[PDB]
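Observations on the model geometry
Listed here are the chains, written in short residue letters.
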Amino acid sequence: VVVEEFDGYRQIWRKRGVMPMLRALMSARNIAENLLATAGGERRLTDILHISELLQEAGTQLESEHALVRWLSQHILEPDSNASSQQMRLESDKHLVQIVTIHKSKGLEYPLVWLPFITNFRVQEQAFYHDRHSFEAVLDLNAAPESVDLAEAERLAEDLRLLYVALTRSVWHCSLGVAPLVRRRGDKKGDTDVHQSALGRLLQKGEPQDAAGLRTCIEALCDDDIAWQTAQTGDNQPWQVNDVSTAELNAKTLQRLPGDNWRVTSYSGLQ
Amino acid sequence: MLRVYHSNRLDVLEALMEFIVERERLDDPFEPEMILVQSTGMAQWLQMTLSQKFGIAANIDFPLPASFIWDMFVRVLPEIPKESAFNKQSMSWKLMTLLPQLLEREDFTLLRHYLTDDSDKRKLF
Amino acid sequence: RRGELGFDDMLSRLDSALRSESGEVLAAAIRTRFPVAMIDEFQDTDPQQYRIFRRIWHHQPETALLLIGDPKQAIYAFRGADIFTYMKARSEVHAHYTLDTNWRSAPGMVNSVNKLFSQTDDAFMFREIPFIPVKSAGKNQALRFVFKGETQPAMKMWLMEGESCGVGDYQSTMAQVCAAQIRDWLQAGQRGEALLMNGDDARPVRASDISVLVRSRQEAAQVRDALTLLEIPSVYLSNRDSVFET
Amino acid sequence: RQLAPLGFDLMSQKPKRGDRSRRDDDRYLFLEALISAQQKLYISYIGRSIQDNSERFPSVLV
Amino acid sequence: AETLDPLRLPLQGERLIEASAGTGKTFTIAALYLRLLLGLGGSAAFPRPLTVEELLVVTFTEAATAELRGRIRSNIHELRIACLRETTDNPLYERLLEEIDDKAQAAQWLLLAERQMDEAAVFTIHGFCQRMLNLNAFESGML
Amino acid sequence: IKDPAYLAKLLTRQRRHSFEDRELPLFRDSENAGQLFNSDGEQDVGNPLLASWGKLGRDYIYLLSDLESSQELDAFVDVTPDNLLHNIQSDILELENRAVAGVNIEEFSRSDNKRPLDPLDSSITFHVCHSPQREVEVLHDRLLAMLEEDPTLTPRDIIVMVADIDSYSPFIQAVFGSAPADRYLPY
Amino acid sequence: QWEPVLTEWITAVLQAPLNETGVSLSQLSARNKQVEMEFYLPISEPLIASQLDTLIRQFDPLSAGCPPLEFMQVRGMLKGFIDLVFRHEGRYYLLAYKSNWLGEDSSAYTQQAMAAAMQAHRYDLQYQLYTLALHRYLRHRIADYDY
């Protein structure tokens, strides 16, 4: 029975196309209802529908049937990103927490913004800087420390600009994660690397300090709008779904046929 | 006499064409009737409406306007060549020969900086 | 040889066309086509683009040039942008204009930004990038994010406790703290406790309001894995992964 | 659809009455489709994006 | 630096507008577009009014150009309505209506701008560069 | 128009009916025909859609009026304005301006001076969709609903026009080939 | 190599008259001929094969054999392409061409073999629809028309 219905699916695939065969497969096996009933299968179903639409768009331009399978295997083997071949949103009615990078948050608007890793910084190793007089790009292939410092200054300015862009998108409330992060491999050397970050340059005023010095610099600028609290690790309960019964629905049945046997034929159509 | 019939929809114009056909009949029975159309689909729709109105839609030609203009050029004026000498590809192949001959002229000083810098006969074509 | 072209090849070909002798007259033809220019997002300006704009619209009469931008938003230095081109453009031009009013955020967040970024002089560490105290809007002065108790402040710097910590442990602890704050905002939001108030109007905080701003994809996956453990679904709007790799 | 001019054609510099233009032809095609509708007109367009749910604007004619 | 008024900006030479984060930059571009369409400013105005095919707006992101085109079209329609009604609910639109003495010619120019907004010159960087290469192909030496 | 000496030549021409044999003038008011045309030669059309959309129609009717031996006969069937689409076609055909701008405060405050639109009028409908596949799916569902609602509606009188036929016809063939036997309409 | 036999076969075809009075094809002028006339025939009733084949068999003598074909109810338009319509001495005539003829090589193509080919290939319905189309066209074109 499985081989017979798959041969029927192959006949639909050769006669009707890609999307009718996939729609008959999703309707006969009822896999879409099982994916919607499964927790986490809605993203999988939207990915299946997008892959089906891309396969229909690629098979409408291809004559052969194995050519579409070869195209799908080639696009599996080629992970290159186009404008149409990217992942879409899974659902729009259900509200979801939107994670967005700093470059993708430029010009947008968000009510509540959380910045957990704004203290994490990266030290640039390559010596590619700009001259402070001619304003031209200078690439130093030799390992000179002056070019490394002049590139690290531009890296710190880029991190400060990223900090400003990430801070100026909140409307009602923004939360920051501050910690005495040490990039150096030493455990307790008496100094921390928060002055090497973008956030610590505004808190410690560009001066190297310690963890207690960072705490006093945080507690120094305390206003009605700026407050601080400790990070306490603790979990009590995940969430409450607060479900409600779904509203009833039925599909309408077509009473009359949409059209009669209307066709413009010839003598060969009647023979 | 040139007659232009202003109407809002095409059904009144089809009724006017039906009235003109039923009023004035052709002298020759095998003389074709030229109906100028915008496309093949409008010609098929007009043939459908004429078959629904008359009961028969035969011996009615639906020529395109440039094809009808060339047919009138053939019928009115004799000794006309079937293909024009001023074809698009023909003018391109003539200009590909004539443009290097006119590079020495003073009026083509703009194309000389465009063509004589580097050319594998790609910019010229 | 193939006769193809690229995105940067258009800029390079226009710069090479303006670099020639007759192409300056071509720039005059551009002065016959558009005798004005309003250029948005001037922080993302290549040096070739600024060389083209300087060759076309430097000091010719009847044409105007309006470079609208922000030096504090030049974050595309990996792509090819450069803030030193903006500093050269600032040194070349004479007039400077700034906007005073801010129409997006609450005045508490504006005061927090003007308190944090105006601690010292030239906080962006460049002499040609000055910071000014911006002003909030009068129509949005009553924006308040209220919790079950007192009014929540604008900026809340969660200080992680400890002397010295690594990268991964700090990321995991701050991801768990952020997930706990998200579930506390969503648990108290569905009972009418945590609200967004504009004047007298109130709105409950849904799951689409809270957004986590990360920098990379690995820490975004860390936030998503720390948030899906507490039965909270989350979407990644910056996900540029292809569907054919799943 | 809007088509850029070649740049050195004299018809684009000086237009006349009987000149072919893709913009005016489509703007008259929309008017002819509005007039030719007898009973029901069903205009559908992409108003929202499916990728990032961004707002998409319709045509100037609609 | 100096503060910026959208109705007192001199449109002569090179000007540098520093719009901060969260400010109405997309509103300021539409205000300057409405200023350039009707020719407002008095002594600091343009010497002649320009059409829609002479105002060049350059924005890198294509969706940003589409959003800016829609916002400029909406501002053109709102200013046309406010000029036909001689009243508005916006203070910047109120000062824009107070700067002009004539109402019929400005409304006709805004109607022509609304009709020619389909042929507006709001392109990207690479789009404007490709249009300049394809337009004047002789001086550039392009295919 | 070109010249005031051409406006009188245009005013001398009238359209006689093909069946009823009654002459009608070209304009609504012949005395205000000089006031309708501007000094540059462009007529201020009261309908904004006809003025902004029919420039090819303007050039074609100008070149048709420029002919010397032309015989113009008019056969116009008036449309009774009951629906929204018939209201739009009547406002286009009768050459009138129904766009209420509200030049005074009395025109702006009161709102019953416009035309009433019934909520059951499904003549002109605008549908916002998210995907082109979803767009043609909602199109097929609405066409099936219109075929079920109107019994005297043959499928040959339905036309679907797509601006971009290259990016929609795969989706059209997909959602029109995937119909069951009780839902399949020919395409 | 087929060309000098083809031209003499063509001139042998054109010299042979095909009429009850003996009218050849060379007597037809350019105004008298109409080659490949396309017609669209309307039909509003559901075309039932059982109600049509009995009406055909009532008058057509070639329908003695030929059991009836099966086709669905066709409502709408029927396309047709007549090969040649030509008038002569005030009388119209229809002419069609068939050229398959694979199974015959000797002189056995008599009237009985051609009638068997007409019954096998079912050209009787095509010829009857051609007569109906020509009757409707001559009724619409020429006023006071008699069949």
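In case you missed it, the structure is sitting above this.
Figured I'd write up the structure that's included with this text. (Residues numbered from 1 in each chain as written, not as in the entry; some residues may be left out. Chains lettered and ligands numbered in written order. Part of a larger assembly, values for the part shown. Heavy atoms only, no water.)

Right, let's get into the overall build of chain F. The secondary structure content of chain F amounts to eight helices and four strands. Put simply, chain F runs from its N terminus to its C terminus through helices and strands in the order α-β-β-α-α-α-β-α-α-β-α-α. By residue count, 33% of the 187 residues in chain F fall in the buried class. In chain F, the proportion of contacts linking residues at least 24 apart, taken out of those at least 6 apart, comes to 51%. For chain F, the accessible surface area stands at approximately 12,000 Å², while carbon and sulfur atoms represent 52% of it. Across chain F, the mean location of the 17 positive side-chain charges is 2 Å away from that of the 34 negative side-chain charges. (Helix = DSSP H or I, 4+ residues; strand = E, 2+ residues; numbered from the N terminus. Buried < 20%, exposed > 50% of the residue type's maximum accessible area, 1.4 Å probe, protein only. Contact = heavy atoms within 4.5 Å. Areas by Shrake-Rupley, 256 points an atom, 1.4 Å probe, with all protein chains shown as cover. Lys, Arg positive; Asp, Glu negative; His and termini not counted. Charge placed at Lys NZ, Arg CZ, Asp CG, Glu CD.)

Take the overall build of chain A next. If you tally the helices and strands in chain A, you get eight helices and seven strands. Reported as C-alpha extents along the three principal axes, the dimensions of chain A are approximately 95 × 55 × 35 Å. Sorting the 271 residues of chain A into buried and exposed places 42% on the buried side. In the structure as shown, chain A presents an accessible area of about 16,000 Å², 50% of it carried by carbon and sulfur atoms.

Position of A:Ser105 relative to the elements: it lies in the loop between β1 (97-101) and β2 (110-115). By relative accessible area, A:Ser105 is classed as buried at 0%. The residues contacting A:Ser105, other than those within four sequence positions of it, are A:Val100, A:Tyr110, A:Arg169 and C:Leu213.

Further remarks concern the interface of chain C and chain A. In this complex, chain C contributes 106 residues to the contact, which on the side of chain A involves 107 residues. If you look at where chain C meets chain A, you find four salt bridges. Taken together, the links from chain C to chain A amount to 48 residue pairs in polar contact. Broken down by element, the side of chain C that touches chain A gets its largest block of residues, 15 residues, from helix α6 (residues 168-189) of chain C. Its residues placed into classes, the side of chain C that touches chain A shows 58 nonpolar, 25 polar and 23 charged. Relative to strand β10 (residues 210-214) of chain C, β2(A) is paired through three bridges, and the arrangement is parallel. Within β10(C), the residue paired with A:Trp114 across the bridge is C:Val212. (Salt bridge = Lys/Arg side-chain N within 4 Å of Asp/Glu carboxyl O. Polar contact = N/O pair within 3.5 Å; in protein donor to acceptor, adjacent residues only side chain to side chain. Nonpolar A, V, L, I, M, F, W, Y, C, P; charged D, E, K, R; others polar. Pairing = 2+ DSSP bridges.)

Turning our eyes to something else, we now look at helix α4 (residues 104-115) of chain E. Its twelve residues place the ends of α4(E) 16 Å apart at the C-alpha level, agreeing with the 16 Å of an ideal helix rising 1.5 Å per residue. When α4(E) is considered as a whole, its buried residues turn out to be E:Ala106, E:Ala107, E:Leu110, E:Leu111, E:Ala113, E:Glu114 and E:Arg115. (Expected span 1.5 Å × (residues − 1).)

Another aspect to go through is the sheet that holds strand β2 (residues 23-24) of chain F. Spatial ordering of the open sheet is given by β1(B)-β3(F)-β1(F)-β2(F), a layout of four strands whose pairing is mixed. In this open sheet, the two edge strands, each paired with only one partner strand, are β1 (2-6) of chain B together with β2 of chain F. For strand β1 (residues 15-17) of chain F and strand β3 (residues 70-74) of chain F, the ladder comprises two bridges, and the chain directions are parallel. Looking across to β3(F), one finds that F:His17 is bridged to F:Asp74.

In this section: the sheet that holds β10(C). Spatially, seven strands are ordered β6(A)-β7(C)-β5(A)-β2(A)-β10(C)-β1(A)-β11(C) in an open sheet, and the strand pairing comes out parallel. Lying at the two open borders of the sheet, with one neighbouring strand each, are β6 (226-230) of chain A together with β11 (234-236) of chain C. Here the average twist between neighbouring strands, direction ignored, is 25°. Where β6(A) and strand β7 (residues 155-159) of chain C come together, five bridges link them in parallel fashion. The residue bridging A:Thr230 from the neighbouring strand is C:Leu159, located in β7(C). With respect to the sheet, α6(C) is in contact with β1, β2 and β5 (170-178) of chain A together with β7 and β10 of chain C, its orientation differing from that of β2(A) by roughly 150°. (Axes fitted to C-alpha atoms, helices over the stretch in contact; angles between N-to-C directions.)

The biggest cluster of nonpolar side chains holds 84 residues, and the ones touching the most others in it are A:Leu163, A:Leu203, C:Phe117 and C:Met157. It is helix α6 (residues 145-167) of chain A that contributes the most residues to this core, nine residues altogether. Other than its neighbours up to four places away in sequence, C:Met157 contacts A:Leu176, A:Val178, A:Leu203, A:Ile218, A:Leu221, A:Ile226, A:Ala227, A:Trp228 and A:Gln229. In this structure, C:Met38, C:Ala64, E:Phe46 and E:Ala106 belong to the second largest nonpolar core, which totals 47 residues. (Core = buried A, V, L, I, M, F, W, Y, C linked by side-chain atoms within 4.5 Å.)

Even without being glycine, C:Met125 reaches a positive phi, approximately 60°. We note that G:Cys66 has phi near 55°; this positive angle belongs to a residue other than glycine. Within the secondary structure layout, G:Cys66 lies in the loop between α2 (49-59) and β2 (75-88). Given the relative accessible area of 15%, G:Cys66 is considered buried.

Further remarks concern the environment of E:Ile125. Mapped onto the elements of the fold, E:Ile125 is located in helix α5 (residues 125-135). Of the residues examined, E:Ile125 reaches a relative accessible area of 7% and is grouped as buried. Spatially, the C-alpha atoms of E:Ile125 and E:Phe60 are 5.8 Å apart, while their sequence positions differ by 65 residues. Among all residues touching E:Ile125, those that are not within four sequence positions of it are C:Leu11, C:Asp44, C:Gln49, E:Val58, E:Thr59 and E:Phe60.

Residues and elements named next belong to chain B. Taken together, the side chains of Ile-69, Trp-70, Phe-73, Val-74, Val-76, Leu-77 and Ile-80 present a nonpolar region at the surface, about 630 Å² in accessible area. Along the polypeptide, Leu-77 turns up in the loop between α3 (65-76) and α4 (88-101). Note on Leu-77: relative accessible area 51%, which makes it exposed. (Patch = residues over 30% accessible without salt bridge, like charges linked within 9 Å, V, L, I, M, F, W, Y side chains within 5 Å.)

A few words on the pattern of salt bridges. Between side chains of opposite charge, a pair can form when the charged atoms approach closely. Taken as a whole, this structure holds 49 salt bridges over all chains when the rule is applied. One salt bridge connects F:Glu72 with F:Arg13, and the closest N-O pair in it is separated by 3.2 Å. Placement of the pair is F:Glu72 in strand β3 and F:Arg13 in the loop between α1 (4-12) and β1, with a sequence separation of 59 residues. Note on F:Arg13: relative accessible area 15%, which makes it buried. Between F:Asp21 and F:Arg16 there is a salt bridge, with its nearest N and O atoms 3.4 Å apart. Connected through salt bridges with shared partners, the residues A:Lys106, C:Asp40, C:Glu41, C:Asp44 and E:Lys25 form a single ionic network.

All chains considered together, the criterion is met by 31 aromatic pairs over all chains. Look at A:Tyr267 and G:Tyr123: their rings are 6.3 Å apart centre to centre, the planes differ by 50°, and that puts the pair in the tilted class. A residue pair is termed interchain when its members come from two chains, as with A:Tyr267 in the segment after β7 (262-265) and G:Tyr123 in the loop between α3 (111-121) and α4 (124-141). As far as the burial class goes, A:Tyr267 and G:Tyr123 line up, both buried. One aromatic cluster in this structure is built from A:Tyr164, C:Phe117, C:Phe124 and C:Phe131. Just above the ring of F:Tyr62 sits the side chain of D:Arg17; from NZ or CZ to the centre is 4.8 Å. Against the face of G:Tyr123 rests G:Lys98, its NZ or CZ located 3.8 Å from the ring centre. (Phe/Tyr/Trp six-rings, centres within 6.5 Å; stacked < 30°, edge-to-face > 60°. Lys NZ or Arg CZ within 6 Å of the ring centre and 35° of its normal.)

Quick look at the arrangement of the chains now. Ranked by contact count, the leading pair among the 15 pairs of chains in contact consists of chains A and C. There is no contact between chain C and chain F; across them, the least C-alpha separation is 17 Å. Between chain F and chain G there is no contact, and the shortest C-alpha to C-alpha distance separating them is 10 Å.

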